[PDB]
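Enquirer: Please find input.cif (mmCIF, C-alpha atoms) on the next line:
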data_upload
loop_
_atom_site.group_PDB
_atom_site.id
_atom_site.type_symbol
_atom_site.label_atom_id
_atom_site.label_comp_id
_atom_site.auth_asym_id
_atom_site.auth_seq_id
_atom_site.Cartn_x
_atom_site.Cartn_y
_atom_site.Cartn_z
ATOM 1 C CA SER L 1 -139.588 150.716 -14.334
ATOM 2 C CA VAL L 2 -136.851 148.167 -14.880
ATOM 3 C CA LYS L 3 -138.260 147.737 -18.392
ATOM 4 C CA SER L 4 -137.789 151.425 -19.211
ATOM 5 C CA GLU L 5 -134.310 151.354 -17.703
ATOM 6 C CA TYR L 6 -133.647 148.408 -20.034
ATOM 7 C CA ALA L 7 -134.786 150.495 -23.022
ATOM 8 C CA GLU L 8 -132.380 153.225 -21.938
ATOM 9 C CA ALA L 9 -129.502 150.778 -21.511
ATOM 10 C CA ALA L 10 -130.330 149.269 -24.909
ATOM 11 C CA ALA L 11 -130.111 152.729 -26.478
ATOM 12 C CA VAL L 12 -126.660 153.299 -24.972
ATOM 13 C CA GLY L 13 -125.753 149.901 -26.405
ATOM 14 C CA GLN L 14 -126.968 150.954 -29.855
ATOM 15 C CA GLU L 15 -124.964 154.170 -29.666
ATOM 16 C CA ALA L 16 -121.845 152.079 -29.123
ATOM 17 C CA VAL L 17 -122.846 150.010 -32.164
ATOM 18 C CA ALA L 18 -123.046 153.204 -34.206
ATOM 19 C CA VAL L 19 -119.704 154.495 -32.942
ATOM 20 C CA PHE L 20 -118.042 151.092 -33.400
ATOM 21 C CA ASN L 21 -119.082 150.854 -37.057
ATOM 22 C CA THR L 22 -117.832 154.408 -37.664
ATOM 23 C CA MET L 23 -114.507 153.578 -36.000
ATOM 24 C CA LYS L 24 -114.188 150.486 -38.212
ATOM 25 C CA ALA L 25 -114.466 152.725 -41.283
ATOM 26 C CA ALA L 26 -111.835 155.039 -39.811
ATOM 27 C CA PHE L 27 -109.506 152.094 -39.105
ATOM 28 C CA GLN L 28 -109.865 150.762 -42.648
ATOM 29 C CA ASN L 29 -109.153 154.283 -43.984
ATOM 30 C CA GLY L 30 -106.055 154.644 -41.779
ATOM 31 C CA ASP L 31 -107.390 157.708 -39.874
ATOM 32 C CA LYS L 32 -105.709 156.817 -36.591
ATOM 33 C CA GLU L 33 -106.530 160.117 -34.897
ATOM 34 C CA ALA L 34 -110.227 159.407 -35.456
ATOM 35 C CA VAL L 35 -109.866 155.812 -34.286
ATOM 36 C CA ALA L 36 -108.206 156.996 -31.044
ATOM 37 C CA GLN L 37 -111.140 159.287 -30.280
ATOM 38 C CA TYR L 38 -113.771 156.681 -31.190
ATOM 39 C CA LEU L 39 -112.033 154.171 -28.892
ATOM 40 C CA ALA L 40 -112.241 156.695 -26.042
ATOM 41 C CA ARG L 41 -115.944 157.267 -26.765
ATOM 42 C CA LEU L 42 -116.600 153.515 -26.887
ATOM 43 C CA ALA L 43 -114.807 153.011 -23.576
ATOM 44 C CA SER L 44 -117.201 155.501 -22.028
ATOM 45 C CA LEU L 45 -120.267 153.918 -23.638
ATOM 46 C CA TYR L 46 -119.314 150.404 -22.575
ATOM 47 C CA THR L 47 -118.608 151.543 -19.028
ATOM 48 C CA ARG L 48 -122.037 153.215 -18.884
ATOM 49 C CA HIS L 49 -123.861 150.265 -20.444
ATOM 50 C CA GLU L 50 -122.157 147.868 -18.016
ATOM 51 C CA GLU L 51 -123.330 149.945 -15.044
ATOM 52 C CA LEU L 52 -126.934 150.134 -16.292
ATOM 53 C CA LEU L 53 -126.992 146.387 -16.928
ATOM 54 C CA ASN L 54 -125.828 145.807 -13.372
ATOM 55 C CA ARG L 55 -128.637 147.980 -12.021
ATOM 56 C CA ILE L 56 -131.197 146.062 -14.093
ATOM 57 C CA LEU L 57 -129.847 142.712 -12.841
ATOM 58 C CA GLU L 58 -129.775 143.837 -9.213
ATOM 59 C CA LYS L 59 -133.353 145.116 -9.570
ATOM 60 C CA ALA L 60 -134.580 141.901 -11.183
ATOM 61 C CA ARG L 61 -132.949 140.045 -8.258
ATOM 62 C CA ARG L 62 -134.688 142.225 -5.651
ATOM 63 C CA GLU L 63 -137.979 141.727 -7.538
ATOM 64 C CA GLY L 64 -137.569 137.946 -7.447
ATOM 65 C CA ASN L 65 -137.891 137.777 -11.243
ATOM 66 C CA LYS L 66 -136.097 134.459 -11.586
ATOM 67 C CA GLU L 67 -136.329 134.202 -15.368
ATOM 68 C CA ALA L 68 -135.075 137.739 -15.863
ATOM 69 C CA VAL L 69 -132.206 137.067 -13.435
ATOM 70 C CA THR L 70 -131.186 133.922 -15.377
ATOM 71 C CA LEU L 71 -131.197 135.717 -18.738
ATOM 72 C CA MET L 72 -129.411 138.793 -17.344
ATOM 73 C CA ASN L 73 -126.726 136.597 -15.742
ATOM 74 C CA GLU L 74 -126.122 134.961 -19.135
ATOM 75 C CA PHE L 75 -126.215 138.287 -20.951
ATOM 76 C CA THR L 76 -123.815 140.045 -18.561
ATOM 77 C CA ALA L 77 -121.350 137.154 -18.731
ATOM 78 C CA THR L 78 -121.280 137.566 -22.503
ATOM 79 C CA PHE L 79 -120.850 141.326 -22.000
ATOM 80 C CA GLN L 80 -117.614 140.698 -20.091
ATOM 81 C CA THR L 81 -116.316 138.632 -23.015
ATOM 82 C CA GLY L 82 -116.990 141.626 -25.242
ATOM 83 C CA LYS L 83 -115.290 143.928 -22.747
ATOM 84 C CA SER L 84 -112.186 141.716 -22.746
ATOM 85 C CA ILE L 85 -112.046 141.703 -26.538
ATOM 86 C CA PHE L 86 -112.541 145.473 -26.648
ATOM 87 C CA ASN L 87 -109.749 145.965 -24.138
ATOM 88 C CA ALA L 88 -107.483 143.724 -26.226
ATOM 89 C CA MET L 89 -108.386 145.731 -29.342
ATOM 90 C CA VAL L 90 -107.510 148.977 -27.558
ATOM 91 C CA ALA L 91 -104.150 147.507 -26.554
ATOM 92 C CA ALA L 92 -103.496 146.354 -30.111
ATOM 93 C CA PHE L 93 -104.119 149.900 -31.256
ATOM 94 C CA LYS L 94 -101.759 151.305 -28.629
ATOM 95 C CA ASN L 95 -99.098 148.785 -29.735
ATOM 96 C CA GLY L 96 -99.529 149.491 -33.465
ATOM 97 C CA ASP L 97 -100.533 145.874 -34.118
ATOM 98 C CA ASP L 98 -102.995 146.205 -36.983
ATOM 99 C CA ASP L 99 -103.243 142.441 -37.529
ATOM 100 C CA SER L 100 -104.464 141.887 -33.966
ATOM 101 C CA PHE L 101 -106.735 144.931 -34.140
ATOM 102 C CA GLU L 102 -108.419 143.424 -37.220
ATOM 103 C CA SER L 103 -108.766 140.048 -35.500
ATOM 104 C CA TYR L 104 -110.261 141.503 -32.321
ATOM 105 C CA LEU L 105 -112.568 143.754 -34.339
ATOM 106 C CA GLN L 106 -114.069 140.778 -36.190
ATOM 107 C CA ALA L 107 -114.367 138.721 -33.007
ATOM 108 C CA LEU L 108 -116.122 141.570 -31.213
ATOM 109 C CA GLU L 109 -118.624 141.759 -34.080
ATOM 110 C CA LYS L 110 -119.464 138.045 -33.915
ATOM 111 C CA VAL L 111 -119.716 138.056 -30.118
ATOM 112 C CA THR L 112 -122.142 140.990 -30.341
ATOM 113 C CA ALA L 113 -124.141 139.501 -33.217
ATOM 114 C CA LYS L 114 -124.515 136.252 -31.248
ATOM 115 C CA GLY L 115 -125.895 137.988 -28.164
ATOM 116 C CA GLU L 116 -128.805 139.728 -29.876
ATOM 117 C CA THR L 117 -131.550 137.119 -29.561
ATOM 118 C CA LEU L 118 -130.840 137.078 -25.812
ATOM 119 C CA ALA L 119 -130.891 140.879 -25.627
ATOM 120 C CA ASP L 120 -134.311 140.731 -27.261
ATOM 121 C CA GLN L 121 -135.433 138.007 -24.826
ATOM 122 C CA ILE L 122 -134.542 140.161 -21.809
ATOM 123 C CA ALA L 123 -136.670 143.049 -23.080
ATOM 124 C CA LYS L 124 -139.719 140.777 -23.052
ATOM 125 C CA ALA L 125 -138.839 139.160 -19.724
ATOM 126 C CA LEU L 126 -138.561 142.255 -17.517
#
Let me see the structure of the file written as structure tokens.
Expert:
Amino acid sequence: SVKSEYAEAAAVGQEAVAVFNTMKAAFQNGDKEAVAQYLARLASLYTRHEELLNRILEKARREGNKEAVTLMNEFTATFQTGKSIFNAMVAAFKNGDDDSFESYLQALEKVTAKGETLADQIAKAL
């Protein structure tokens, strides 16, 4: 069901949360080789999550589930914000700009923390 596919996508999301927090520790500790690998892993988790979210939205649309479509449109818009911040963080790491990497890291945390009540609303809506 779309609801079980949402639980799967949510789990991939939570894996990224786990990897992100680990990477943050590695950044603070100055273990740049670890950070590089965690950024690669996160890129792959965000790309997967983004694809699953699109399949859930398309399915809600085909099902005529107007409320779920509304919430998923809002949630996926916010996802793209996160993706843009992530991609800026990755570029800051490439460029050796630790000040920007810090800034983007904190912003990505607040953007994700903000979009949690909505994530929980979508679970119930599908």
Enquirer: List the spatial neighbours of residue 70 (chain L) as number ranges by chain - criterion: any atom at most 10 Å away, all atoms listed in the file, same-chain residues fewer than 2 positions off excluded.
Expert: L: 57, 60-61, 65-68, 72-75, 122
Enquirer: Here is a test: counting all atoms listed in the file, which residue of L:59, L:124, L:30, L:47 is nearest to residue 1 (chain L)?
Expert: L:59
Enquirer: Please enumerate the residues selected by the PyMOL selection byres ((chain L and resi 4-11) around 7) when evaluated against the supplied file, formatted as a compact mmCIF listing (two decimals) with C-alpha atoms, in the coordinates of the input.
Expert:
# COMPACT_ATOMS: atom_id res chain seq x y z
CA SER L 1 -139.59 150.72 -14.33
CA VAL L 2 -136.85 148.17 -14.88
CA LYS L 3 -138.26 147.74 -18.39
CA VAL L 12 -126.66 153.30 -24.97
CA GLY L 13 -125.75 149.90 -26.40
CA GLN L 14 -126.97 150.95 -29.86
CA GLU L 15 -124.96 154.17 -29.67
CA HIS L 49 -123.86 150.26 -20.44
CA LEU L 52 -126.93 150.13 -16.29
CA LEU L 53 -126.99 146.39 -16.93
CA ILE L 56 -131.20 146.06 -14.09
CA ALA L 123 -136.67 143.05 -23.08
Enquirer: Which residues of region 57-85 of chain L have any atom within 12 Å of an atom in region 90-100 of chain L when counting only C-alpha atoms, and what is the closest pair of atoms for each, with the distance in Å to one decimal? Order the rows by chain and rising number and write it as a Markdown table.
Expert:
| residue | atom | partner | partner_atom | distance |
| --- | --- | --- | --- | --- |
| L:83 | CA | L:90 | CA | 10.4 |
| L:84 | CA | L:90 | CA | 9.9 |
| L:85 | CA | L:90 | CA | 8.6 |
Enquirer: Save out the residues we just selected, C-alpha atoms, as a PDB file, in the coordinates of the input.
Expert:
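Output (out08.pdb):
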ATOM      1  CA  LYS L  83    -115.290 143.928 -22.747  1.00  0.00           C
ATOM      2  CA  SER L  84    -112.186 141.716 -22.746  1.00  0.00           C
ATOM      3  CA  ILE L  85    -112.046 141.703 -26.538  1.00  0.00           C
TER       4      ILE L  85
END
Enquirer: Measuring atom to atom with only C-alpha atoms, identify which of L:87, L:112, L:106, L:81 is nearest to residue 17 (chain L).
Expert: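 Looking at the shortest contact to residue 17 (chain L), the residue is L:112.
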Enquirer: Name every residue that the PyMOL selection byres ((chain L and resi 41) around 12) selects in this structure, writing the answer as a short mmCIF file (atom, residue, chain, number, x, y, z; two decimals) with C-alpha atoms, in the frame of the given file with chains first and numbers rising.
Expert:
data_model
loop_
_atom_site.label_atom_id
_atom_site.label_comp_id
_atom_site.auth_asym_id
_atom_site.auth_seq_id
_atom_site.Cartn_x
_atom_site.Cartn_y
_atom_site.Cartn_z
CA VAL L 12 -126.66 153.30 -24.97
CA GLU L 15 -124.96 154.17 -29.67
CA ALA L 16 -121.84 152.08 -29.12
CA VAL L 17 -122.85 150.01 -32.16
CA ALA L 18 -123.05 153.20 -34.21
CA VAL L 19 -119.70 154.50 -32.94
CA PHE L 20 -118.04 151.09 -33.40
CA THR L 22 -117.83 154.41 -37.66
CA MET L 23 -114.51 153.58 -36.00
CA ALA L 34 -110.23 159.41 -35.46
CA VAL L 35 -109.87 155.81 -34.29
CA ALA L 36 -108.21 157.00 -31.04
CA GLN L 37 -111.14 159.29 -30.28
CA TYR L 38 -113.77 156.68 -31.19
CA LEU L 39 -112.03 154.17 -28.89
CA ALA L 40 -112.24 156.70 -26.04
CA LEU L 42 -116.60 153.51 -26.89
CA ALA L 43 -114.81 153.01 -23.58
CA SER L 44 -117.20 155.50 -22.03
CA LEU L 45 -120.27 153.92 -23.64
CA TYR L 46 -119.31 150.40 -22.58
CA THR L 47 -118.61 151.54 -19.03
CA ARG L 48 -122.04 153.22 -18.88
CA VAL L 90 -107.51 148.98 -27.56
#
Enquirer: Interatomic distance between CA of residue 62 (chain L) and CA of residue 80 (chain L)?
Expert: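 Computed distance, CA of residue 62 (chain L) to CA of residue 80 (chain L), equals 22.4 Å.
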Enquirer: By how many Å are CA of residue 24 (chain L) and CA of residue 78 (chain L) apart?
Expert: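 Going from CA of residue 24 (chain L) over to CA of residue 78 (chain L) covers 21.5 Å.
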Enquirer: Could you jot down the CA of residue 108 (chain L) to CA of residue 77 (chain L) separation for me, Å, one decimal place?
Expert: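 These atoms are spaced 14.2 Å apart.
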Enquirer: So, with all atoms listed in the file as the atoms that count, which of L:69, L:21, L:125, L:27 lies closest to residue 101 (chain L)?
Expert: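 The shortest atom-to-atom distance to residue 101 (chain L) comes from L:27.
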Enquirer: Would you mind writing region 13-27 of chain L with N, CA, C and O atoms, as a PDB file, in the coordinates of the input?
Expert:
ATOM      1  N   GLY L  13    -126.357 150.961 -25.614  1.00  0.00           N
ATOM      2  CA  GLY L  13    -125.753 149.901 -26.405  1.00  0.00           C
ATOM      3  C   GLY L  13    -125.735 150.219 -27.891  1.00  0.00           C
ATOM      4  O   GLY L  13    -124.706 150.054 -28.570  1.00  0.00           O
ATOM      5  N   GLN L  14    -126.871 150.698 -28.420  1.00  0.00           N
ATOM      6  CA  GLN L  14    -126.968 150.954 -29.855  1.00  0.00           C
ATOM      7  C   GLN L  14    -126.132 152.153 -30.271  1.00  0.00           C
ATOM      8  O   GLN L  14    -125.729 152.255 -31.436  1.00  0.00           O
ATOM      9  N   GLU L  15    -125.879 153.075 -29.352  1.00  0.00           N
ATOM     10  CA  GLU L  15    -124.964 154.170 -29.666  1.00  0.00           C
ATOM     11  C   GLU L  15    -123.553 153.635 -29.866  1.00  0.00           C
ATOM     12  O   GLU L  15    -122.866 153.994 -30.838  1.00  0.00           O
ATOM     13  N   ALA L  16    -123.131 152.743 -28.971  1.00  0.00           N
ATOM     14  CA  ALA L  16    -121.845 152.079 -29.123  1.00  0.00           C
ATOM     15  C   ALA L  16    -121.763 151.340 -30.454  1.00  0.00           C
ATOM     16  O   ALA L  16    -120.727 151.373 -31.127  1.00  0.00           O
ATOM     17  N   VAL L  17    -122.842 150.661 -30.855  1.00  0.00           N
ATOM     18  CA  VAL L  17    -122.846 150.010 -32.164  1.00  0.00           C
ATOM     19  C   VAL L  17    -122.571 151.031 -33.260  1.00  0.00           C
ATOM     20  O   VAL L  17    -121.780 150.792 -34.179  1.00  0.00           O
ATOM     21  N   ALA L  18    -123.239 152.176 -33.190  1.00  0.00           N
ATOM     22  CA  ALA L  18    -123.046 153.204 -34.206  1.00  0.00           C
ATOM     23  C   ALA L  18    -121.614 153.720 -34.202  1.00  0.00           C
ATOM     24  O   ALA L  18    -120.999 153.885 -35.263  1.00  0.00           O
ATOM     25  N   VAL L  19    -121.069 153.995 -33.018  1.00  0.00           N
ATOM     26  CA  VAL L  19    -119.704 154.495 -32.942  1.00  0.00           C
ATOM     27  C   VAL L  19    -118.718 153.426 -33.415  1.00  0.00           C
ATOM     28  O   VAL L  19    -117.783 153.713 -34.179  1.00  0.00           O
ATOM     29  N   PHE L  20    -118.948 152.173 -33.020  1.00  0.00           N
ATOM     30  CA  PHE L  20    -118.042 151.092 -33.400  1.00  0.00           C
ATOM     31  C   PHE L  20    -117.949 150.963 -34.917  1.00  0.00           C
ATOM     32  O   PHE L  20    -116.851 150.852 -35.476  1.00  0.00           O
ATOM     33  N   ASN L  21    -119.093 150.989 -35.605  1.00  0.00           N
ATOM     34  CA  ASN L  21    -119.082 150.854 -37.057  1.00  0.00           C
ATOM     35  C   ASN L  21    -118.384 152.035 -37.723  1.00  0.00           C
ATOM     36  O   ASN L  21    -117.687 151.865 -38.738  1.00  0.00           O
ATOM     37  N   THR L  22    -118.536 153.231 -37.160  1.00  0.00           N
ATOM     38  CA  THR L  22    -117.832 154.408 -37.664  1.00  0.00           C
ATOM     39  C   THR L  22    -116.330 154.259 -37.478  1.00  0.00           C
ATOM     40  O   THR L  22    -115.550 154.523 -38.401  1.00  0.00           O
ATOM     41  N   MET L  23    -115.917 153.822 -36.285  1.00  0.00           N
ATOM     42  CA  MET L  23    -114.507 153.578 -36.000  1.00  0.00           C
ATOM     43  C   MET L  23    -113.911 152.567 -36.977  1.00  0.00           C
ATOM     44  O   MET L  23    -112.774 152.735 -37.446  1.00  0.00           O
ATOM     45  N   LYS L  24    -114.661 151.501 -37.277  1.00  0.00           N
ATOM     46  CA  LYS L  24    -114.188 150.486 -38.212  1.00  0.00           C
ATOM     47  C   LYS L  24    -113.878 151.115 -39.564  1.00  0.00           C
ATOM     48  O   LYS L  24    -112.833 150.834 -40.169  1.00  0.00           O
ATOM     49  N   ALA L  25    -114.760 151.993 -40.051  1.00  0.00           N
ATOM     50  CA  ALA L  25    -114.466 152.725 -41.283  1.00  0.00           C
ATOM     51  C   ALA L  25    -113.193 153.542 -41.150  1.00  0.00           C
ATOM     52  O   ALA L  25    -112.346 153.541 -42.057  1.00  0.00           O
ATOM     53  N   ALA L  26    -113.022 154.222 -40.022  1.00  0.00           N
ATOM     54  CA  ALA L  26    -111.835 155.039 -39.811  1.00  0.00           C
ATOM     55  C   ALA L  26    -110.580 154.182 -39.783  1.00  0.00           C
ATOM     56  O   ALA L  26    -109.555 154.571 -40.350  1.00  0.00           O
ATOM     57  N   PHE L  27    -110.630 153.042 -39.091  1.00  0.00           N
ATOM     58  CA  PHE L  27    -109.506 152.094 -39.105  1.00  0.00           C
ATOM     59  C   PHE L  27    -109.156 151.682 -40.532  1.00  0.00           C
ATOM     60  O   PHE L  27    -107.991 151.751 -40.949  1.00  0.00           O
TER      61      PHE L  27
END
